[PDB]
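To keep things clear, I will list the structure first and then write my remarks on it.
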Amino acid sequence: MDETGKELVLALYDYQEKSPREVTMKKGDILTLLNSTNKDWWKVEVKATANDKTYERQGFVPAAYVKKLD
């Protein structure tokens with residue numbers, strides 16, 4: 001049971017941060033669904049890398065280059 005829209009989506013094709021609010025995506029990379037109120041573009045969350053520590057960051061992406069998994 002889940003009372004939230006916190007799902008996971010997989011990247012279909014390779015994309016880049018075309019906008020200052022969008023992030024770079026790569027085919028095969030799965031991100032966390034944050035905003036899905038826009039069939040056009042969807043807001044996903046990715047992880048960073050530094051000092052052997054994986055951080056977290058949000059970013060918008062084209063819904064035309066993504067596919068929900070769960």
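Following the order of the structure tokens, chains are lettered A, B, ..., residues in each are numbered from 1, and ligands are numbered from 1.
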
Practice problem: Compile the contact shell of region 25-40 of chain A as a PyMOL selection string: residues with an atom at most 7 Å away, counting only C-alpha atoms, same-chain residues fewer than 2 positions apart removed. | Solution: chain A and resi 6-16+23+42-46+62-63

Restricted to N, CA, C and O atoms, what would the selected residues look like written as a PDB file, in the first residue's frame?
```pdb
ATOM      1  N   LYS A   6       5.439   8.205  -5.291  1.00  0.00           N
ATOM      2  CA  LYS A   6       6.873   7.943  -5.322  1.00  0.00           C
ATOM      3  C   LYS A   6       7.171   6.629  -6.039  1.00  0.00           C
ATOM      4  O   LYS A   6       7.236   5.572  -5.413  1.00  0.00           O
ATOM      5  N   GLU A   7       7.351   6.705  -7.354  1.00  0.00           N
ATOM      6  CA  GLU A   7       7.642   5.521  -8.154  1.00  0.00           C
ATOM      7  C   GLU A   7       9.009   5.638  -8.821  1.00  0.00           C
ATOM      8  O   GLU A   7       9.738   6.607  -8.603  1.00  0.00           O
ATOM      9  N   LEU A   8       9.351   4.644  -9.633  1.00  0.00           N
ATOM     10  CA  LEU A   8      10.631   4.634 -10.333  1.00  0.00           C
ATOM     11  C   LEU A   8      10.428   4.519 -11.841  1.00  0.00           C
ATOM     12  O   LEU A   8       9.639   3.699 -12.311  1.00  0.00           O
ATOM     13  N   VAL A   9      11.146   5.346 -12.594  1.00  0.00           N
ATOM     14  CA  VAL A   9      11.047   5.335 -14.048  1.00  0.00           C
ATOM     15  C   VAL A   9      12.404   5.067 -14.690  1.00  0.00           C
ATOM     16  O   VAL A   9      13.433   5.553 -14.219  1.00  0.00           O
ATOM     17  N   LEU A  10      12.400   4.290 -15.768  1.00  0.00           N
ATOM     18  CA  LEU A  10      13.631   3.958 -16.476  1.00  0.00           C
ATOM     19  C   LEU A  10      13.797   4.826 -17.719  1.00  0.00           C
ATOM     20  O   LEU A  10      12.826   5.119 -18.417  1.00  0.00           O
ATOM     21  N   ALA A  11      15.032   5.232 -17.991  1.00  0.00           N
ATOM     22  CA  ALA A  11      15.325   6.062 -19.152  1.00  0.00           C
ATOM     23  C   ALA A  11      15.398   5.223 -20.423  1.00  0.00           C
ATOM     24  O   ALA A  11      16.105   4.217 -20.475  1.00  0.00           O
ATOM     25  N   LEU A  12      14.660   5.642 -21.446  1.00  0.00           N
ATOM     26  CA  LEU A  12      14.641   4.928 -22.718  1.00  0.00           C
ATOM     27  C   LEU A  12      15.836   5.321 -23.582  1.00  0.00           C
ATOM     28  O   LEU A  12      16.657   4.477 -23.943  1.00  0.00           O
ATOM     29  N   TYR A  13      15.927   6.605 -23.907  1.00  0.00           N
ATOM     30  CA  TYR A  13      17.021   7.109 -24.728  1.00  0.00           C
ATOM     31  C   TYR A  13      17.929   8.031 -23.920  1.00  0.00           C
ATOM     32  O   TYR A  13      17.682   8.287 -22.740  1.00  0.00           O
ATOM     33  N   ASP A  14      18.979   8.529 -24.563  1.00  0.00           N
ATOM     34  CA  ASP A  14      19.924   9.425 -23.905  1.00  0.00           C
ATOM     35  C   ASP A  14      19.515  10.882 -24.098  1.00  0.00           C
ATOM     36  O   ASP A  14      19.254  11.321 -25.219  1.00  0.00           O
ATOM     37  N   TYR A  15      19.461  11.626 -23.000  1.00  0.00           N
ATOM     38  CA  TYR A  15      19.080  13.033 -23.046  1.00  0.00           C
ATOM     39  C   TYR A  15      20.083  13.894 -22.285  1.00  0.00           C
ATOM     40  O   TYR A  15      20.947  13.380 -21.577  1.00  0.00           O
ATOM     41  N   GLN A  16      19.959  15.209 -22.438  1.00  0.00           N
ATOM     42  CA  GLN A  16      20.854  16.142 -21.766  1.00  0.00           C
ATOM     43  C   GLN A  16      20.072  17.294 -21.142  1.00  0.00           C
ATOM     44  O   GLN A  16      18.891  17.483 -21.434  1.00  0.00           O
ATOM     45  N   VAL A  23      17.700  17.889 -16.206  1.00  0.00           N
ATOM     46  CA  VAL A  23      18.966  17.207 -15.965  1.00  0.00           C
ATOM     47  C   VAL A  23      19.301  16.250 -17.103  1.00  0.00           C
ATOM     48  O   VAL A  23      18.476  16.001 -17.983  1.00  0.00           O
ATOM     49  N   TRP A  42       8.493  15.317 -17.230  1.00  0.00           N
ATOM     50  CA  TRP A  42       8.340  14.759 -15.891  1.00  0.00           C
ATOM     51  C   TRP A  42       9.559  15.069 -15.030  1.00  0.00           C
ATOM     52  O   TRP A  42      10.689  15.086 -15.518  1.00  0.00           O
ATOM     53  N   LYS A  43       9.324  15.313 -13.745  1.00  0.00           N
ATOM     54  CA  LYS A  43      10.403  15.621 -12.814  1.00  0.00           C
ATOM     55  C   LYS A  43      10.897  14.358 -12.116  1.00  0.00           C
ATOM     56  O   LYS A  43      10.155  13.719 -11.370  1.00  0.00           O
ATOM     57  N   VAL A  44      12.154  14.005 -12.363  1.00  0.00           N
ATOM     58  CA  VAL A  44      12.748  12.819 -11.756  1.00  0.00           C
ATOM     59  C   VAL A  44      13.897  13.194 -10.826  1.00  0.00           C
ATOM     60  O   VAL A  44      14.366  14.332 -10.832  1.00  0.00           O
ATOM     61  N   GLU A  45      14.347  12.228 -10.031  1.00  0.00           N
ATOM     62  CA  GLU A  45      15.442  12.458  -9.096  1.00  0.00           C
ATOM     63  C   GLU A  45      16.584  11.478  -9.345  1.00  0.00           C
ATOM     64  O   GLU A  45      16.367  10.272  -9.465  1.00  0.00           O
ATOM     65  N   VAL A  46      17.802  12.005  -9.421  1.00  0.00           N
ATOM     66  CA  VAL A  46      18.980  11.177  -9.654  1.00  0.00           C
ATOM     67  C   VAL A  46      19.938  11.238  -8.470  1.00  0.00           C
ATOM     68  O   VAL A  46      19.695  11.951  -7.496  1.00  0.00           O
ATOM     69  N   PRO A  62      12.285  15.054 -20.307  1.00  0.00           N
ATOM     70  CA  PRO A  62      11.242  14.799 -21.304  1.00  0.00           C
ATOM     71  C   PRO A  62      10.555  13.453 -21.094  1.00  0.00           C
ATOM     72  O   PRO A  62      11.206  12.409 -21.081  1.00  0.00           O
ATOM     73  N   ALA A  63       9.237  13.486 -20.930  1.00  0.00           N
ATOM     74  CA  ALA A  63       8.462  12.269 -20.723  1.00  0.00           C
ATOM     75  C   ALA A  63       8.500  11.378 -21.960  1.00  0.00           C
ATOM     76  O   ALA A  63       8.118  10.210 -21.906  1.00  0.00           O
TER      77      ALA A  63
END
```

Practice problem: In Å, rounded to a single decimal, give me how far CA of residue 66 (chain A) is from CA of residue 41 (chain A). | Solution: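 Straight-line distance from CA of residue 41 (chain A) to CA of residue 66 (chain A) works out to 9.5 Å.
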
Exercise. As a count of residues only, list the residues of chain A assigned to strand (DSSP E or B) by DSSP on the backbone atoms of this structure.
Key: 32

Quiz prompt | Length of the CA of residue 24 (chain A) to CA of residue 60 (chain A) vector [Å] | solution = 8.9 Å

Exercise. Considering only C-alpha atoms, state which residue in the set A:5, A:48, A:54, A:61 is at the smallest distance from residue 17 (chain A).
Key: A:61
